[PDB]
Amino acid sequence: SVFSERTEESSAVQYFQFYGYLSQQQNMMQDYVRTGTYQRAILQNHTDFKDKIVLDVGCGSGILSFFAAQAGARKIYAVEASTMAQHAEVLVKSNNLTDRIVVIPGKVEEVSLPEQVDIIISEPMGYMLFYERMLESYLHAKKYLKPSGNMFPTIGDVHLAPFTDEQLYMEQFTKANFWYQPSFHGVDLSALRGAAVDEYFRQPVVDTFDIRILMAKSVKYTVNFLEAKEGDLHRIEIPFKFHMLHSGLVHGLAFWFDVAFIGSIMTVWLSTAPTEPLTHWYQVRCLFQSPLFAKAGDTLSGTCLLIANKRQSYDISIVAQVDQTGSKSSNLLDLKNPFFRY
C-alpha cells in the first residue's frame, strides 16, 4: 500500500506498538486544551455533523468519533491500525453507540470503506506539525471524501522565528564536549568530538520557553488540507526572510503550529504558540551549531527544507544567512530523534 511503500516495516511496527498502550492514550487525553478545543470545534459546528457520514482517521481511543456522535452524525467510520482499535470498540459498546460508530481496524491506506463521507476528522499533528508523518495518511483519506466534503482540521499554519538562548546552546554544547577528552580513563576520545556535536545538534529540542527569546516576528507557512496532496508532504520547502527586532546571537529557529477547524457556524483555532497555554505539543527549537550575530534592522533569510524519509520522519535542512554581513549557518536535523527537555 501507500503506507508500507513510504514506511520501513521496523518503524511501522514500533509506531503502532507505541499507540497500542492505554497509558499513552491517557497522557494525550489529559491535554485539556487539545481535547476541549476539538470538542468545541465539533459541537459548535454541529450542522457539519448532524445526520452526516464521517471518517475519523486514526481514531485511537475514539474520542473524536464520540464528539461527532454527540453532534448528531448518522454514521462514523473510525479507522485505527493499532490494537487501540479493540479498546475503542469496547467504549463504543459501553456508551451504547454501536448504531453510530463503526470501528474499522487497519491502516487508512489499506482498509475498504463502504461509502464516501461528508467530513473527515483527525488529529494528525506531531511536534512542529510534521513529526511522525501522519498528515500524509490524513490527506490520503480524501479518496473517501465527497466533492465539497470538509476536513477538520481544515488548515495548518507552521510558525518559525529566530531565537536567542545561550543556556540552551551551552547545555547541548557542554554535553558534546565530553568527547573532547584526551584521557578518559587513559583513552583519547577527541577524534569523535565532531561526530558527537553533530549528533546532539541534530536533535530538535521539544520544550516551552518565554516569548522574550524571540528576535523577530514569526513567518507563517500554511498547508490547506482541503487542497494539498500526500506527495506535497514528501518535500516541504519553507523560505523565510526575518526582519530582526533585537540585536544579539541567533542560536536557532523556534517552531510552533496552529490548526483551524473552518466550520459552517464558526472557525475554531487550536494554537500551540508560546503566547498560548501549553499543550502536549510544546514547541520545538532547532539549534544552529554555530550561532549568527545580527543587529536589529538586519534581515535573516534562508530556507527550511523537510525531506521525508522511510523511518516515518523527516530530515530537516536549515540554511540561514544575515544578509547585511553574509554570515551563514547551515544545519541538519533528524526529526525522529528529538530531545525531550521538559
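When you see a residue number, it is the position in the sequence shown, counting from 1.
Worksheet item: Hey, which bit's got the bigger mean C-alpha B factor in the entry, 318 to 326 or 5 to 13?
Response: According to the PDB entry, the answer is 5 to 13.
Practice prompt. Between 90 to 98 and 240 to 248, name whichever shows the higher mean Cα B factor according to the PDB entry.
Written response: Between 240 to 248 and 90 to 98, it is 240 to 248 that shows the higher mean C-alpha B-factor.
Item to complete: Compare the CA B factors listed in the entry for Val284, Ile42, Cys59, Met28 and report the winner.
Response: Highest C-alpha B-factor among the listed options: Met28.
Worksheet item: Among the modelled residues of its chain, does the C-alpha B-factor of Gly156 lie in the lowest, middle or highest third?
Response: Highest third of the chain for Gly156's C-alpha B-factor.
Worksheet entry | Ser65 - Cα temperature factor, lowest/middle/highest third of chain | Lowest third - that is where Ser65 ends up once the chain's C-alpha B-factors are sorted.
Fill in: For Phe288, the third of its chain into which the C-alpha B factor falls
CA B-factor rank for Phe288: middle third.
Worksheet entry | Entry-reported Cα temperature factor of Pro114, expressed as the chain third it lands in | Answer is highest: the recorded C-alpha B-factor places it there.
Practice prompt. Select lowest, middle or highest to describe the third in which the CA B-factor of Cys304 falls within its chain in this entry.
Written response: Its C-alpha B-factor, which the entry lists for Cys304, ranks in the highest third among residues of this chain.
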